[PDB]
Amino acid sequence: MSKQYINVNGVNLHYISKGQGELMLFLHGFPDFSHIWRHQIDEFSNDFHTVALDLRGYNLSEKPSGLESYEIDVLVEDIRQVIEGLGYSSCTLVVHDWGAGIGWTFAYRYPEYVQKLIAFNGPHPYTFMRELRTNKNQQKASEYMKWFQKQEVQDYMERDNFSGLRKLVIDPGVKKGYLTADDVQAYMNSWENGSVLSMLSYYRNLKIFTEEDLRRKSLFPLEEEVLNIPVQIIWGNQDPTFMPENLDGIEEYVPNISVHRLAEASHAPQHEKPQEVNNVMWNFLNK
């Protein structure tokens, strides 16, 4: 396991790496970081060059100032440049949460850069906007996104030894038994080293708050309405963040899709049920 920086699109991003061969690139979301992919890295690094990126703003990655530095086009370009910078023209892209918001958008725009997409809980660009418009449960579930627009949010997340973040991801994971003591320390270190401000900046560029923005077909601007590469969804049904109906009718937008639903996994199946997840991944990668 190697840990290093790569300079792309005007920033230095930290990533962890293991193995060699075809690139399997993992994108985490909020408030995680590259470490959340540890079990997939260990599983696949004899078959792939497994690389888990820390997104800009997160953990040891550079934390550029200003909201403009966290706009979708910039984040998408980060991904393109990371792929090329590592020496590849395409990859197997594995994504979750904000990394899925970015990763889906990337795959729609650059399907030539993605051999296969594996997506965990997170917003599909078309179905998410539909669910925000019509699914009262999704609307309630996504209320915190309005709250995140507010300057007061960071203190709730950081105060008392990151109490808000601990409550969000640590306490559920320790209680359910999928976080070790070293995992907890790794998360706490990621929050000391990273910037919660930068993490929140991602949300503060979201266009889902005006009646006009809500009208748009995709979460982020896209000319492409179909993605035809092979795609696997691996979804925790108990996720309080994204309702299961986000998967409804998804074939219209992603014709070659396979879906695996974990009845008793929540927001982050990749580390909640790594063995089940890993076998589903093997199966998809081999078919």
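Note that residue numbering begins at 1 and tracks the sequence as displayed.
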- Mean CA B-factor: is it higher for 202-210 or for 96-104? 202-210
- Task: Using only the Cα atoms and their B-factors as the entry lists them, report which of 144-152 and 106-114 averages higher.
- Result: 144-152
- Please work out which residue in 192, 78, 84, 183 has the highest C-alpha B-factor recorded for this crystal structure. 84
- Message: Looking at 279, 9, 270, 17, which one carries the largest C-alpha B-factor according to the PDB entry?
- Response: 9
- Classify residue 129 as lowest, middle or highest third according to the C-alpha B-factor given in the PDB entry, relative to its own chain. highest
- Message: Which third, lowest, middle or highest, does the C-alpha temperature factor of residue 173 belong to within its own chain?
- Response: middle
- State the tercile, meaning the lowest, middle or highest third, of residue 32 with respect to the CA B-factors recorded for its chain. lowest
- Item | Record-listed C-alpha B factor of residue 44: chain third | middle
- Query: For residue 263, does the deposited CA B-factor place it in the lowest, middle or highest third of the chain?
  - Reply: highest
